[PDB]
Amino acid sequence: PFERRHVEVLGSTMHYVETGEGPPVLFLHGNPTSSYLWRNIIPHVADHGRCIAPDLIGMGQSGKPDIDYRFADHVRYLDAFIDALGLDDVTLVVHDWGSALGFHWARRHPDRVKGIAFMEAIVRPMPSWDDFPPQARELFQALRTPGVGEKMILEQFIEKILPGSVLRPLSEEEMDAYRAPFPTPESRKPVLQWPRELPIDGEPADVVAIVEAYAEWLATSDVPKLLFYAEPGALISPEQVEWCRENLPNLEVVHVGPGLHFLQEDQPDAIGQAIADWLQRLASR
């Protein structure tokens with residue numbers, strides 16, 4: 001039901017799906033997903049704008065160049081993609097690392113952003129490992145350890161963390177779609193680098209500074225914002241909901257019901273209908 005396109009970007013290629021016409025709505029997935037994450041949300045939004053969902057570089061059907069896949073690499077590829085489509089007056093819909101990419105792009109292009117809808121997002125740096133639930137703490141500490149992380153993700157993960165953070169059973173066919181970009185250790189390098197970019201306890205310092213910078217911009221910008229909360233969630237807990245409600249101007253919060261980290265696979269209709277309603281109210285202003 002979507003157009004599938006490839007676009008040349010910085011000597012590689014990026015795959016995206018698109019549907020609809022009007023002001024662009026840019027959907028940014030995170031780790032270890034792809035535009036497939038948005039397949040059941042986009043149809044709710046498609047009559048309201050030009051819906052665009054790229055696969056980040058090295059992920060989905062996008063090219064797999066020989067790069068570090070650090071956050072800064074992804075920034076460059078996504079900047080070129082957005083400029084390749086000539087996107088202006090952009091509504092962002094973002095998740096996980098897609099939210100960091102989206103917030104960072106919005107702060108740097110404040111006149112080109114119309115609104116930001118975000119879920120299970122990286123709003124703030126994580127000052128200590130003590131803030132983490134013990135489960136995620138041990139996992140992230142293990143992935144961020146040289147040798148161990150390579151064993152866990154490369155020379156051996158997606159089959160466990162994806163169904164682990166969806167409440168309802170993930171089908172084999174959905175799992176096949178998420179496995180498909182990542183058959184080989186070589187192909188899984190972005191999946192390992194992403195957790196090693198997480199701004200935790202001051203490291204890495206360059207991503208910590210990026211997240212600090214866009215958190216300050218979010219708290220000062222009048223851009224309309226929509227935050228989705230799932231029970232219990234993972235990154236976005238009630239605690240983070242309260243911090244956003246207190247500190248981020250022009251924010252609406254929507255509770256979508258039960259869900260974990262990949263809430264698009266638990267409540268896609270709730271998320272899509274809320275975005276569609278939000279775009280209409282923003283147009284009415």
# chains A, B, ... in the order shown; residues from 1 in each chain; ligands from 1

$ select_by_dssp --residues "stretch 20-198 of chain A" --states "helix (DSSP H, G or I)" --output "PyMOL selection string"
chain A and resi 35-38+42-45+71-85+97-108+110-112+129-131+134-143+148-154+158-164+172-179+186-196

$ residues_around --residues "residue A:163" --least-positions-apart "6" --cutoff "9 Å" --atoms "only C-alpha atoms" --output "list in words"
residues 169, 170, 175 and 262 of chain A

$ residues_around --residues "residue A:234" --least-positions-apart "5" --cutoff "10 Å" --atoms "only C-alpha atoms" --output "tab-separated table (two decimals) with C-alpha atoms, in the first residue's frame"
chain	number	residue	atom	x	y	z
A	120	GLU	CA	9.77	5.64	24.00
A	121	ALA	CA	12.14	8.49	23.30
A	132	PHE	CA	17.97	2.02	34.93
A	133	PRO	CA	15.78	-0.95	35.79
A	136	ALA	CA	18.11	-3.07	31.20
A	165	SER	CA	9.49	-5.83	24.67
A	229	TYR	CA	2.78	6.83	27.17
A	259	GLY	CA	2.77	-1.69	26.04
A	260	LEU	CA	6.50	-2.05	26.37
A	261	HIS	CA	9.29	-0.56	24.31
A	262	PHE	CA	7.95	-1.46	20.85
A	263	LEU	CA	4.49	-0.07	21.50

$ residues_around --residues "residue A:63" --least-positions-apart "2" --cutoff "6 Å" --atoms "only C-alpha atoms" --output "list in words"
residues 12, 13, 14 and 58 of chain A

$ closest_residue --among "A:193, A:61, A:40, A:31" --to "residue A:177" --atoms "only C-alpha atoms"
A:61

$ residues_around --residues "stretch 64-67 of chain A" --least-positions-apart "4" --cutoff "10 Å" --atoms "only C-alpha atoms" --output "PyMOL selection string"
chain A and resi 10-14+56-60+73-74+181+186-190
